$ cat input17.pdb   # PDB, C-alpha atoms (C1' of nucleotides)
ATOM      1  CA  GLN N  97       0.000   0.000   0.000  1.00  0.00           C
ATOM      2  CA  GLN N  98       2.900   2.328  -0.698  1.00  0.00           C
ATOM      3  CA  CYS N  99       2.522   1.693  -4.426  1.00  0.00           C
ATOM      4  CA  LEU N 100      -1.250   1.690  -4.784  1.00  0.00           C
ATOM      5  CA  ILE N 101      -1.635   5.303  -3.717  1.00  0.00           C
ATOM      6  CA  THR N 102       0.987   6.869  -5.930  1.00  0.00           C
ATOM      7  CA  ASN N 103       0.850   5.315  -9.395  1.00  0.00           C
ATOM      8  CA  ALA N 104      -1.967   6.636 -11.561  1.00  0.00           C
ATOM      9  CA  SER N 105      -4.151   4.625 -13.906  1.00  0.00           C
ATOM     10  CA  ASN N 106      -3.315   4.000 -17.527  1.00  0.00           C
ATOM     11  CA  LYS N 107      -6.992   3.213 -18.171  1.00  0.00           C
ATOM     12  CA  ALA N 108      -9.040   6.162 -19.380  1.00  0.00           C
ATOM     13  CA  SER N 109     -12.686   6.575 -18.622  1.00  0.00           C
ATOM     14  CA  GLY N 110     -15.074   5.670 -21.376  1.00  0.00           C
ATOM     15  CA  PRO N 111     -17.406   7.677 -23.574  1.00  0.00           C
ATOM     16  CA  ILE N 112     -18.746  10.936 -22.211  1.00  0.00           C
ATOM     17  CA  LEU N 113     -22.492  11.288 -21.760  1.00  0.00           C
ATOM     18  CA  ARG N 114     -24.445  13.887 -23.636  1.00  0.00           C
ATOM     19  CA  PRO N 115     -27.541  14.475 -21.505  1.00  0.00           C
ATOM     20  CA  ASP N 116     -30.578  15.688 -23.399  1.00  0.00           C
ATOM     21  CA  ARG N 117     -31.748  19.273 -23.538  1.00  0.00           C
ATOM     22  CA  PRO N 118     -34.798  20.162 -21.437  1.00  0.00           C
ATOM     23  CA  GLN N 119     -38.068  20.630 -23.257  1.00  0.00           C
ATOM     24  CA  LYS N 120     -38.970  24.044 -21.847  1.00  0.00           C
ATOM     25  CA  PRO N 121     -37.081  27.092 -20.630  1.00  0.00           C
ATOM     26  CA  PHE N 122     -36.826  27.772 -16.880  1.00  0.00           C
ATOM     27  CA  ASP N 123     -36.017  24.135 -16.161  1.00  0.00           C
ATOM     28  CA  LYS N 124     -32.254  24.027 -15.574  1.00  0.00           C
ATOM     29  CA  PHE N 125     -30.073  27.008 -14.703  1.00  0.00           C
ATOM     30  CA  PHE N 126     -26.320  26.474 -14.636  1.00  0.00           C
ATOM     31  CA  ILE N 127     -24.828  28.994 -12.194  1.00  0.00           C
ATOM     32  CA  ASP N 128     -21.179  29.719 -11.402  1.00  0.00           C
ATOM     33  CA  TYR N 129     -19.374  32.812 -10.186  1.00  0.00           C
ATOM     34  CA  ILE N 130     -16.511  34.038 -12.284  1.00  0.00           C
ATOM     35  CA  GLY N 131     -13.846  36.306 -10.918  1.00  0.00           C
ATOM     36  CA  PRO N 132     -11.772  37.754  -9.183  1.00  0.00           C
ATOM     37  CA  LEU N 133     -11.555  39.864 -12.308  1.00  0.00           C
ATOM     38  CA  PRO N 134      -9.855  43.258 -12.389  1.00  0.00           C
ATOM     39  CA  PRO N 135     -12.011  45.566 -10.272  1.00  0.00           C
ATOM     40  CA  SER N 136     -14.558  48.170 -11.302  1.00  0.00           C
ATOM     41  CA  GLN N 137     -17.115  50.022  -9.121  1.00  0.00           C
ATOM     42  CA  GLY N 138     -16.246  47.765  -6.203  1.00  0.00           C
ATOM     43  CA  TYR N 139     -17.221  44.625  -8.103  1.00  0.00           C
ATOM     44  CA  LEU N 140     -15.111  41.490  -8.622  1.00  0.00           C
ATOM     45  CA  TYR N 141     -17.505  38.548  -8.909  1.00  0.00           C
ATOM     46  CA  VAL N 142     -20.197  38.013 -11.558  1.00  0.00           C
ATOM     47  CA  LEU N 143     -22.920  35.432 -11.097  1.00  0.00           C
ATOM     48  CA  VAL N 144     -23.719  33.912 -14.500  1.00  0.00           C
ATOM     49  CA  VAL N 145     -27.080  32.184 -14.857  1.00  0.00           C
ATOM     50  CA  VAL N 146     -27.259  30.324 -18.174  1.00  0.00           C
ATOM     51  CA  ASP N 147     -30.552  28.772 -19.184  1.00  0.00           C
ATOM     52  CA  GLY N 148     -30.136  25.122 -20.072  1.00  0.00           C
ATOM     53  CA  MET N 149     -32.845  25.394 -22.696  1.00  0.00           C
ATOM     54  CA  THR N 150     -31.237  28.019 -24.918  1.00  0.00           C
ATOM     55  CA  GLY N 151     -28.049  29.684 -23.759  1.00  0.00           C
ATOM     56  CA  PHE N 152     -29.744  32.913 -22.642  1.00  0.00           C
ATOM     57  CA  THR N 153     -27.235  34.253 -20.136  1.00  0.00           C
ATOM     58  CA  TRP N 154     -28.084  36.420 -17.129  1.00  0.00           C
ATOM     59  CA  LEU N 155     -25.516  38.532 -15.288  1.00  0.00           C
ATOM     60  CA  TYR N 156     -25.766  39.789 -11.704  1.00  0.00           C
ATOM     61  CA  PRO N 157     -22.470  41.237 -10.447  1.00  0.00           C
ATOM     62  CA  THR N 158     -21.692  41.289  -6.715  1.00  0.00           C
ATOM     63  CA  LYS N 159     -18.890  42.348  -4.378  1.00  0.00           C
ATOM     64  CA  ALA N 160     -17.927  38.948  -2.926  1.00  0.00           C
ATOM     65  CA  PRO N 161     -19.239  35.421  -3.510  1.00  0.00           C
ATOM     66  CA  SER N 162     -21.169  35.060  -0.277  1.00  0.00           C
ATOM     67  CA  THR N 163     -24.481  33.304   0.210  1.00  0.00           C
ATOM     68  CA  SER N 164     -26.485  36.532   0.437  1.00  0.00           C
ATOM     69  CA  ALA N 165     -24.843  38.053  -2.637  1.00  0.00           C
ATOM     70  CA  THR N 166     -26.282  35.143  -4.607  1.00  0.00           C
ATOM     71  CA  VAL N 167     -29.705  35.314  -2.961  1.00  0.00           C
ATOM     72  CA  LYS N 168     -30.446  38.914  -3.908  1.00  0.00           C
ATOM     73  CA  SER N 169     -28.961  38.220  -7.344  1.00  0.00           C
ATOM     74  CA  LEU N 170     -31.652  35.646  -8.066  1.00  0.00           C
ATOM     75  CA  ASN N 171     -34.516  37.614  -6.511  1.00  0.00           C
ATOM     76  CA  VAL N 172     -34.149  39.841  -9.549  1.00  0.00           C
ATOM     77  CA  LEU N 173     -34.252  36.755 -11.743  1.00  0.00           C
ATOM     78  CA  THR N 174     -36.986  34.860  -9.910  1.00  0.00           C
ATOM     79  CA  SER N 175     -39.075  37.970 -10.569  1.00  0.00           C
ATOM     80  CA  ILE N 176     -39.232  36.719 -14.167  1.00  0.00           C
ATOM     81  CA  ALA N 177     -40.226  33.092 -13.577  1.00  0.00           C
ATOM     82  CA  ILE N 178     -39.524  30.136 -11.307  1.00  0.00           C
ATOM     83  CA  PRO N 179     -37.197  27.295 -12.376  1.00  0.00           C
ATOM     84  CA  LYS N 180     -37.676  23.678 -11.452  1.00  0.00           C
ATOM     85  CA  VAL N 181     -34.008  22.662 -11.179  1.00  0.00           C
ATOM     86  CA  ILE N 182     -30.877  24.752 -10.689  1.00  0.00           C
ATOM     87  CA  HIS N 183     -27.561  23.068 -11.354  1.00  0.00           C
ATOM     88  CA  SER N 184     -24.287  24.526 -10.098  1.00  0.00           C
ATOM     89  CA  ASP N 185     -20.909  23.444  -8.837  1.00  0.00           C
ATOM     90  CA  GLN N 186     -20.391  22.537  -5.170  1.00  0.00           C
ATOM     91  CA  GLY N 187     -19.475  26.123  -4.416  1.00  0.00           C
ATOM     92  CA  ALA N 188     -18.480  27.775  -1.207  1.00  0.00           C
ATOM     93  CA  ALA N 189     -21.671  29.834  -1.327  1.00  0.00           C
ATOM     94  CA  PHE N 190     -24.183  27.335  -2.698  1.00  0.00           C
ATOM     95  CA  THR N 191     -23.495  24.449  -0.329  1.00  0.00           C
ATOM     96  CA  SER N 192     -24.192  26.660   2.687  1.00  0.00           C
ATOM     97  CA  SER N 193     -27.116  25.576   4.811  1.00  0.00           C
ATOM     98  CA  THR N 194     -28.561  29.088   4.470  1.00  0.00           C
ATOM     99  CA  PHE N 195     -28.687  29.035   0.656  1.00  0.00           C
TER     100      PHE N 195
ATOM    101  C1'  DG V   1      -6.502 -29.101 -30.232  1.00  0.00           C
ATOM    102  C1'  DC V   2      -7.399 -27.128 -25.640  1.00  0.00           C
ATOM    103  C1'  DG V   3      -5.546 -25.418 -22.117  1.00  0.00           C
ATOM    104  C1'  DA V   4      -1.945 -23.594 -19.552  1.00  0.00           C
ATOM    105  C1'  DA V   5       1.760 -20.896 -19.456  1.00  0.00           C
ATOM    106  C1'  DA V   6       5.226 -17.548 -21.128  1.00  0.00           C
ATOM    107  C1'  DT V   7       5.377 -13.031 -23.792  1.00  0.00           C
ATOM    108  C1'  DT V   8       4.606  -8.886 -26.394  1.00  0.00           C
ATOM    109  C1'  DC V   9       1.394  -5.127 -26.939  1.00  0.00           C
ATOM    110  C1'  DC V  10      -0.427  -0.615 -26.566  1.00  0.00           C
ATOM    111  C1'  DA V  11      -3.439   3.201 -24.794  1.00  0.00           C
ATOM    112  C1'  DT V  12      -2.703   6.640 -21.340  1.00  0.00           C
ATOM    113  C1'  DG V  13      -1.608   9.803 -17.961  1.00  0.00           C
ATOM    114  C1'  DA V  14       1.300  12.880 -15.560  1.00  0.00           C
ATOM    115  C1'  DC V  15       5.330  15.853 -15.291  1.00  0.00           C
ATOM    116  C1'  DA V  16       5.755  21.053 -16.348  1.00  0.00           C
ATOM    117  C1'  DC V  17       7.395  27.518 -10.668  1.00  0.00           C
ATOM    118  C1'  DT V  18       3.444  27.225  -6.490  1.00  0.00           C
ATOM    119  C1'  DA V  19       0.359  29.117  -2.114  1.00  0.00           C
ATOM    120  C1'  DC V  20      -3.309  32.191  -0.974  1.00  0.00           C
ATOM    121  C1'  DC V  21      -8.048  33.602  -0.912  1.00  0.00           C
ATOM    122  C1'  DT V  22     -12.947  33.455  -0.123  1.00  0.00           C
ATOM    123  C1'  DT V  23     -16.832  31.802   1.944  1.00  0.00           C
ATOM    124  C1'  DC V  24     -19.113  28.430   4.579  1.00  0.00           C
ATOM    125  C1'  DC V  25     -18.717  24.577   8.001  1.00  0.00           C
ATOM    126  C1'  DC V  26     -17.522  22.526  12.117  1.00  0.00           C
ATOM    127  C1'  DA V  27     -16.753  22.736  16.908  1.00  0.00           C
ATOM    128  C1'  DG V  28     -15.958  23.018  21.437  1.00  0.00           C
ATOM    129  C1'  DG V  29     -15.967  25.690  24.425  1.00  0.00           C
ATOM    130  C1'  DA V  30     -15.764  29.680  26.296  1.00  0.00           C
ATOM    131  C1'  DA V  31     -16.124  34.375  26.509  1.00  0.00           C
ATOM    132  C1'  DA V  32     -17.876  37.388  28.460  1.00  0.00           C
ATOM    133  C1'  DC V  33     -21.033  40.048  26.890  1.00  0.00           C
ATOM    134  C1'  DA V  34     -25.152  41.849  26.173  1.00  0.00           C
ATOM    135  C1'  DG V  35     -29.617  41.186  28.532  1.00  0.00           C
ATOM    136  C1'  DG V  36     -32.205  41.235  32.569  1.00  0.00           C
ATOM    137  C1'  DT V  37     -33.829  40.644  37.303  1.00  0.00           C
ATOM    138  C1'  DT V  38     -33.028  41.834  42.350  1.00  0.00           C
ATOM    139  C1'  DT V  39     -32.037  44.204  46.244  1.00  0.00           C
ATOM    140  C1'  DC V  40     -29.740  47.451  49.410  1.00  0.00           C
ATOM    141  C1'  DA V  41     -27.254  51.258  50.479  1.00  0.00           C
ATOM    142  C1'  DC V  42     -25.011  55.266  48.927  1.00  0.00           C
ATOM    143  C1'  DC V  43     -23.876  58.904  46.218  1.00  0.00           C
ATOM    144  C1'  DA V  44     -25.841  62.545  43.763  1.00  0.00           C
ATOM    145  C1'  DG V  45     -29.099  65.975  43.474  1.00  0.00           C
ATOM    146  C1'  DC V  46     -31.586  70.151  46.400  1.00  0.00           C
ATOM    147  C1'  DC V  47     -31.497  74.296  48.557  1.00  0.00           C
ATOM    148  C1'  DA V  48     -29.849  78.133  51.617  1.00  0.00           C
ATOM    149  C1'  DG V  49     -27.003  80.658  54.941  1.00  0.00           C
ATOM    150  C1'  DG V  50     -22.816  82.539  56.189  1.00  0.00           C
ATOM    151  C1'  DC V  51     -18.446  83.960  55.145  1.00  0.00           C
ATOM    152  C1'  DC V  52     -14.544  84.618  52.415  1.00  0.00           C
ATOM    153  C1'  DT V  53     -12.569  85.479  48.269  1.00  0.00           C
ATOM    154  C1'  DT V  54     -12.593  88.208  44.139  1.00  0.00           C
ATOM    155  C1'  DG V  55     -13.286  92.207  41.767  1.00  0.00           C
ATOM    156  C1'  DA V  56     -13.024  96.975  41.552  1.00  0.00           C
ATOM    157  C1'  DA V  57     -11.593 101.569  42.621  1.00  0.00           C
ATOM    158  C1'  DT V  58      -7.296 104.127  43.824  1.00  0.00           C
ATOM    159  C1'  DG V  59      -3.292 106.509  44.977  1.00  0.00           C
ATOM    160  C1'  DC V  60       1.269 106.227  44.560  1.00  0.00           C
ATOM    161  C1'  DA V  61       5.895 104.545  44.113  1.00  0.00           C
ATOM    162  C1'  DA V  62       9.341 102.454  41.431  1.00  0.00           C
ATOM    163  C1'  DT V  63       9.500 100.081  37.801  1.00  0.00           C
ATOM    164  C1'  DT V  64       9.987 100.162  33.264  1.00  0.00           C
ATOM    165  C1'  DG V  65      10.221 102.202  28.721  1.00  0.00           C
ATOM    166  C1'  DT V  66      12.389 105.502  25.702  1.00  0.00           C
ATOM    167  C1'  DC V  67      15.975 108.374  24.219  1.00  0.00           C
ATOM    168  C1'  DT V  68      20.913 109.125  23.398  1.00  0.00           C
ATOM    169  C1'  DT V  69      25.893 108.248  23.229  1.00  0.00           C
ATOM    170  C1'  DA V  70      30.328 105.919  23.637  1.00  0.00           C
ATOM    171  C1'  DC V  71      31.573 101.720  22.599  1.00  0.00           C
ATOM    172  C1'  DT V  72      32.559  96.423  22.149  1.00  0.00           C
ATOM    173  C1'  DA V  73      32.132  92.572  19.830  1.00  0.00           C
ATOM    174  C1'  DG V  74      29.943  90.107  16.111  1.00  0.00           C
ATOM    175  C1'  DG V  75      30.129  88.925  11.726  1.00  0.00           C
ATOM    176  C1'  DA V  76      32.142  88.393   7.550  1.00  0.00           C
ATOM    177  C1'  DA V  77      35.727  87.746   4.649  1.00  0.00           C
ATOM    178  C1'  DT V  78      40.499  85.536   4.471  1.00  0.00           C
ATOM    179  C1'  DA V  79      43.937  82.412   4.386  1.00  0.00           C
ATOM    180  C1'  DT V  80      45.247  78.491   6.239  1.00  0.00           C
ATOM    181  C1'  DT V  81      45.326  75.135   8.863  1.00  0.00           C
ATOM    182  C1'  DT V  82      43.834  71.300  10.599  1.00  0.00           C
ATOM    183  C1'  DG V  83      40.825  67.636  11.790  1.00  0.00           C
ATOM    184  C1'  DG V  84      37.635  63.630   9.739  1.00  0.00           C
ATOM    185  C1'  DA V  85      33.565  61.345   7.523  1.00  0.00           C
ATOM    186  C1'  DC V  86      32.849  58.468   4.250  1.00  0.00           C
ATOM    187  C1'  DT V  87      34.294  55.691   0.238  1.00  0.00           C
ATOM    188  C1'  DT V  88      37.314  51.332  -0.378  1.00  0.00           C
ATOM    189  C1'  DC V  89      38.826  46.791  -0.219  1.00  0.00           C
ATOM    190  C1'  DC V  90      39.082  42.285   2.056  1.00  0.00           C
ATOM    191  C1'  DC V  91      38.535  38.379   5.437  1.00  0.00           C
ATOM    192  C1'  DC V  92      36.954  36.059   9.376  1.00  0.00           C
ATOM    193  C1'  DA V  93      34.007  35.025  12.929  1.00  0.00           C
ATOM    194  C1'  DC V  94      29.630  35.109  13.867  1.00  0.00           C
ATOM    195  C1'  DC V  95      24.837  34.491  13.008  1.00  0.00           C
ATOM    196  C1'  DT V  96      21.912  31.727  10.883  1.00  0.00           C
ATOM    197  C1'  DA V  97      19.546  27.698   9.320  1.00  0.00           C
ATOM    198  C1'  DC V  98      18.618  22.580  10.971  1.00  0.00           C
ATOM    199  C1'  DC V  99      17.508  18.478  13.397  1.00  0.00           C
ATOM    200  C1'  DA V 100      17.496  15.926  17.183  1.00  0.00           C
ATOM    201  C1'  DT V 101      17.164  15.801  21.921  1.00  0.00           C
ATOM    202  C1'  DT V 102      15.634  17.218  26.267  1.00  0.00           C
ATOM    203  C1'  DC V 103      14.152  20.362  29.667  1.00  0.00           C
ATOM    204  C1'  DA V 104      11.246  23.782  31.377  1.00  0.00           C
ATOM    205  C1'  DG V 105       7.218  26.301  31.534  1.00  0.00           C
ATOM    206  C1'  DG V 106       2.489  26.993  31.122  1.00  0.00           C
ATOM    207  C1'  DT V 107      -1.579  25.199  32.066  1.00  0.00           C
ATOM    208  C1'  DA V 108      -3.769  22.847  35.318  1.00  0.00           C
ATOM    209  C1'  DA V 109      -5.128  20.742  39.488  1.00  0.00           C
ATOM    210  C1'  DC V 110      -5.472  19.911  44.274  1.00  0.00           C
ATOM    211  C1'  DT V 111      -3.954  21.660  48.469  1.00  0.00           C
ATOM    212  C1'  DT V 112      -2.264  24.646  51.243  1.00  0.00           C
ATOM    213  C1'  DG V 113      -1.168  28.770  53.206  1.00  0.00           C
ATOM    214  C1'  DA V 114      -1.229  33.462  54.350  1.00  0.00           C
ATOM    215  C1'  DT V 115      -2.893  38.028  54.123  1.00  0.00           C
ATOM    216  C1'  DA V 116      -6.041  41.515  53.460  1.00  0.00           C
ATOM    217  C1'  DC V 117     -10.336  43.121  54.245  1.00  0.00           C
ATOM    218  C1'  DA V 118     -14.267  44.026  57.172  1.00  0.00           C
ATOM    219  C1'  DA V 119     -15.745  45.045  61.666  1.00  0.00           C
ATOM    220  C1'  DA V 120     -15.431  47.078  66.453  1.00  0.00           C
ATOM    221  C1'  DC V 121     -13.610  49.754  70.201  1.00  0.00           C
ATOM    222  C1'  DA V 122     -10.355  52.886  71.380  1.00  0.00           C
ATOM    223  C1'  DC V 123      -6.575  56.279  70.720  1.00  0.00           C
ATOM    224  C1'  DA V 124      -4.532  60.476  69.084  1.00  0.00           C
ATOM    225  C1'  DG V 125      -4.140  64.646  66.384  1.00  0.00           C
ATOM    226  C1'  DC V 126      -5.911  68.716  64.956  1.00  0.00           C
ATOM    227  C1'  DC V 127      -9.329  72.139  64.831  1.00  0.00           C
ATOM    228  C1'  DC V 128     -13.422  75.132  66.482  1.00  0.00           C
TER     229       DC V 128
END

$ encode --input "input17.pdb" --output "C-alpha cells"
Amino acid sequence: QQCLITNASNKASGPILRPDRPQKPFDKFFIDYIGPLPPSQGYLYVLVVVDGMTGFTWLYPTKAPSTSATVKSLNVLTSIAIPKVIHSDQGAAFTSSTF
DNA sequence: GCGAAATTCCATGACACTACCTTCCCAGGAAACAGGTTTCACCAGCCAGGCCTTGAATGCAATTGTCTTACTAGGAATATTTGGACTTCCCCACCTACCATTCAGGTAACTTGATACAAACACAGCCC
C-alpha cells in the first residue's frame, strides 16, 4: 500500500455522456461565479445564470461570492419566472445551509 | 486441439514555478457580553445661609520704557590650517539555518497557606 496510492491509472474513462436538452425554458439554470476579475465600481464577482434550454445568459455582479450576494442576485431573476431545477458546482456559497 | 503458461502489446496519464483567498462549516468551548432581574445602600441631586474670596476703585511709588551716546564685539571675509567622515577593499568570525534531543514552563489541578479586608472599640491629632 505504498505503491497503490501513488501510481496513476493508464486506463481512461469511457465515452462521455451527452444528456438531453430540457423541453422548456426555466427548467435548468447552470450557475457559477466568475472572478476575481480586475475591479470596477467595487465589483469582482459576476454570477452567471445560463438557461439550459437556450443559452440565454443572465448577469448579476456582486462584491464577494457570499451566500447573500447570490440570494439577492436571483430575486431579480426569480421575478421573471420560477425554475424547477438549478444546477451549479459545489461552491463555497451554494453548499451553505442558508442558501 | 485445448488449455496452460510464457510473452509482447499498446493506450494513457502525468510531469511542467506554487500558495493564498474566499466563503461556509464545524466545533468546542468559552467568553464574556449583552440582557435582565433583584435588592440594598449610597452617592448625587436640592437648597440656603454665612463667610470669604474676588473684583473693583485708587493713589502712589518704582518700575519700566524711551531716548541718546560711547563703545565692544559680532560677523564676515580671508587664508590656512587642521581635523575627519565616508568611500574602499578584504577576510573572518559570527549568526543563521537545521535536526534531534531534552528540559522547562504553562496550564492545570489539588492543596495549602497566608494576608487583606471588614468590623469594632479605642486612641490620638488637629481644629473650632

$ resolve_selection --input "input17.pdb" --expression "the PyMOL selection byres ((chain N) within 12 of (chain V))" --output "PyMOL selection string"
chain N and resi 102-109+129+131-132+140-141+159-166+186-195

$ atom_distance --input "input17.pdb" --atom1 "CA of residue 125 (chain N)" --atom2 "CA of residue 180 (chain N)"
8.9 Å

$ closest_residue --input "input17.pdb" --among "N:110, N:179, N:135, N:121" --to "residue 149 (chain N)" --atoms "all atoms listed in the file"
N:121

$ atom_distance --input "input17.pdb" --atom1 "CA of residue 123 (chain N)" --atom2 "CA of residue 147 (chain N)"
7.8 Å

$ residues_around --input "input17.pdb" --residues "residue 122 (chain N)" --least-positions-apart "3" --cutoff "12 Å" --atoms "all atoms listed in the file" --output "PyMOL selection string"
chain N and resi 117-119+125-126+145-152+173-174+176-183

$ decode --input "input17.pdb" --residues "region 135-152 of chain N" --atoms "N, CA, C and O atoms" --output "PDB file, in the first residue's frame"
ATOM      1  N   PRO N 135     -10.864  44.935 -10.924  1.00  0.00           N
ATOM      2  CA  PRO N 135     -12.011  45.566 -10.272  1.00  0.00           C
ATOM      3  C   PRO N 135     -12.575  46.740 -11.052  1.00  0.00           C
ATOM      4  O   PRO N 135     -11.894  47.386 -11.849  1.00  0.00           O
ATOM      5  N   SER N 136     -13.852  47.007 -10.784  1.00  0.00           N
ATOM      6  CA  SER N 136     -14.558  48.170 -11.302  1.00  0.00           C
ATOM      7  C   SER N 136     -15.781  48.367 -10.417  1.00  0.00           C
ATOM      8  O   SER N 136     -16.491  47.400 -10.132  1.00  0.00           O
ATOM      9  N   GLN N 137     -15.989  49.604  -9.956  1.00  0.00           N
ATOM     10  CA  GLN N 137     -17.115  50.022  -9.121  1.00  0.00           C
ATOM     11  C   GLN N 137     -17.246  49.220  -7.835  1.00  0.00           C
ATOM     12  O   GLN N 137     -18.342  49.121  -7.279  1.00  0.00           O
ATOM     13  N   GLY N 138     -16.156  48.646  -7.342  1.00  0.00           N
ATOM     14  CA  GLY N 138     -16.246  47.765  -6.203  1.00  0.00           C
ATOM     15  C   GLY N 138     -16.840  46.414  -6.511  1.00  0.00           C
ATOM     16  O   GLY N 138     -17.427  45.796  -5.622  1.00  0.00           O
ATOM     17  N   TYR N 139     -16.718  45.939  -7.744  1.00  0.00           N
ATOM     18  CA  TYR N 139     -17.221  44.625  -8.103  1.00  0.00           C
ATOM     19  C   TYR N 139     -16.077  43.744  -8.583  1.00  0.00           C
ATOM     20  O   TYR N 139     -15.151  44.224  -9.242  1.00  0.00           O
ATOM     21  N   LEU N 140     -16.119  42.462  -8.212  1.00  0.00           N
ATOM     22  CA  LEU N 140     -15.111  41.490  -8.622  1.00  0.00           C
ATOM     23  C   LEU N 140     -15.699  40.187  -9.121  1.00  0.00           C
ATOM     24  O   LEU N 140     -15.066  39.496  -9.920  1.00  0.00           O
ATOM     25  N   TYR N 141     -16.892  39.842  -8.665  1.00  0.00           N
ATOM     26  CA  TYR N 141     -17.505  38.548  -8.909  1.00  0.00           C
ATOM     27  C   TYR N 141     -18.806  38.738  -9.667  1.00  0.00           C
ATOM     28  O   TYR N 141     -19.605  39.611  -9.323  1.00  0.00           O
ATOM     29  N   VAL N 142     -19.020  37.922 -10.698  1.00  0.00           N
ATOM     30  CA  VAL N 142     -20.197  38.013 -11.558  1.00  0.00           C
ATOM     31  C   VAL N 142     -20.904  36.670 -11.566  1.00  0.00           C
ATOM     32  O   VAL N 142     -20.387  35.701 -12.133  1.00  0.00           O
ATOM     33  N   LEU N 143     -22.073  36.603 -10.945  1.00  0.00           N
ATOM     34  CA  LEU N 143     -22.920  35.432 -11.097  1.00  0.00           C
ATOM     35  C   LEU N 143     -23.410  35.351 -12.533  1.00  0.00           C
ATOM     36  O   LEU N 143     -23.791  36.360 -13.125  1.00  0.00           O
ATOM     37  N   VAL N 144     -23.350  34.155 -13.111  1.00  0.00           N
ATOM     38  CA  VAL N 144     -23.719  33.912 -14.500  1.00  0.00           C
ATOM     39  C   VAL N 144     -24.761  32.811 -14.499  1.00  0.00           C
ATOM     40  O   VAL N 144     -24.453  31.667 -14.159  1.00  0.00           O
ATOM     41  N   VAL N 145     -25.980  33.137 -14.887  1.00  0.00           N
ATOM     42  CA  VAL N 145     -27.080  32.184 -14.857  1.00  0.00           C
ATOM     43  C   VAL N 145     -27.449  31.877 -16.303  1.00  0.00           C
ATOM     44  O   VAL N 145     -28.164  32.646 -16.954  1.00  0.00           O
ATOM     45  N   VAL N 146     -26.964  30.754 -16.814  1.00  0.00           N
ATOM     46  CA  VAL N 146     -27.259  30.324 -18.174  1.00  0.00           C
ATOM     47  C   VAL N 146     -28.501  29.449 -18.135  1.00  0.00           C
ATOM     48  O   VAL N 146     -28.614  28.565 -17.282  1.00  0.00           O
ATOM     49  N   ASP N 147     -29.446  29.702 -19.034  1.00  0.00           N
ATOM     50  CA  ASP N 147     -30.552  28.772 -19.184  1.00  0.00           C
ATOM     51  C   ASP N 147     -30.062  27.527 -19.911  1.00  0.00           C
ATOM     52  O   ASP N 147     -29.267  27.600 -20.850  1.00  0.00           O
ATOM     53  N   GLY N 148     -30.536  26.372 -19.453  1.00  0.00           N
ATOM     54  CA  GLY N 148     -30.136  25.122 -20.072  1.00  0.00           C
ATOM     55  C   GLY N 148     -30.949  24.818 -21.310  1.00  0.00           C
ATOM     56  O   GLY N 148     -30.601  23.935 -22.096  1.00  0.00           O
ATOM     57  N   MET N 149     -32.056  25.530 -21.483  1.00  0.00           N
ATOM     58  CA  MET N 149     -32.845  25.394 -22.696  1.00  0.00           C
ATOM     59  C   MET N 149     -32.129  25.989 -23.895  1.00  0.00           C
ATOM     60  O   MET N 149     -31.964  25.325 -24.922  1.00  0.00           O
ATOM     61  N   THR N 150     -31.695  27.241 -23.776  1.00  0.00           N
ATOM     62  CA  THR N 150     -31.237  28.019 -24.918  1.00  0.00           C
ATOM     63  C   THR N 150     -29.750  28.337 -24.847  1.00  0.00           C
ATOM     64  O   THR N 150     -28.994  27.978 -25.750  1.00  0.00           O
ATOM     65  N   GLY N 151     -29.315  28.988 -23.780  1.00  0.00           N
ATOM     66  CA  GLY N 151     -28.049  29.684 -23.759  1.00  0.00           C
ATOM     67  C   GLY N 151     -28.212  31.143 -23.400  1.00  0.00           C
ATOM     68  O   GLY N 151     -27.247  31.910 -23.490  1.00  0.00           O
ATOM     69  N   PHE N 152     -29.416  31.534 -22.991  1.00  0.00           N
ATOM     70  CA  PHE N 152     -29.744  32.913 -22.642  1.00  0.00           C
ATOM     71  C   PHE N 152     -29.090  33.247 -21.310  1.00  0.00           C
ATOM     72  O   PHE N 152     -29.596  32.869 -20.251  1.00  0.00           O
TER      73      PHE N 152
END
